[PDB]
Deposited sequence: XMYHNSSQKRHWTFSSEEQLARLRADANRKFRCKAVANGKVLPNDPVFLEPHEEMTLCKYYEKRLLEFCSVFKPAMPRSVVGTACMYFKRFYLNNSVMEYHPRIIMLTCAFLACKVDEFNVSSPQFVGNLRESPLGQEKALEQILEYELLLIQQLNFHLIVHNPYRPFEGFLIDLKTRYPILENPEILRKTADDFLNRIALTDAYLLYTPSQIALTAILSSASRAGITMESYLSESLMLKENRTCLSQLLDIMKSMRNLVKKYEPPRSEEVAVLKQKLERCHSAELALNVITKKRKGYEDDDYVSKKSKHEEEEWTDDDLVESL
């Protein structure tokens, strides 16, 4: 359960400043290791972030067209693994193209999505020789990925909390006529929330509730009474204010999100391939 999970205990951070600190520290430690081992070949932490965002979209695209149909829980677990890995590691040391596939592989194992390795790599749009090479790379990096996750494999995603909130609204909030009208748009917001650092900063339940309430606000529906009365936050107004602040912060994270630009990402990809070819 989330309330005593490893995700809450070790992988939900207090602020974006902490995440930036971890990423900059990873970039700097790779820089120091490379300098000791052996120039402007290094990528900056914001360039690492841009590449990580791009490769997270690529991981999402890989999981979407993956046959057999990969469940949404496996995809969420894989994306969480990717984010957590690149919190403490540099894309210059481990290529995100292979790490993302390794994340999908490990998530398929952890979430009991039974797929054989050959049928896992058959989803790649590459040649059979490239498929075998990719499989060997994935097998090489599986243990590394598990180590960098500190052997914390269960990932709590907002999808089941989202379903539970829909059930609770249908049962206890007649003011909302048909809560299912809120699904699609909330799902949309969910996707957007997933692109940010929110999954490292907020609980799955908070993410789900934020998505639902943003969907309601877009629909114009006010569900302040659901928080106040059904969730009984009128007894602790401080709890209600903290929850509202959390959702406002998440909405701000979504609104400020800067999708990676094609040309900037292409330049960064040339830079990263140069960094991997050298050393």
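Mind pulling out the bits of the deposited sequence that never got modelled, as residue ranges from 1?
No C-alpha coordinates exist for 1, 40 to 44, 286 to 324.
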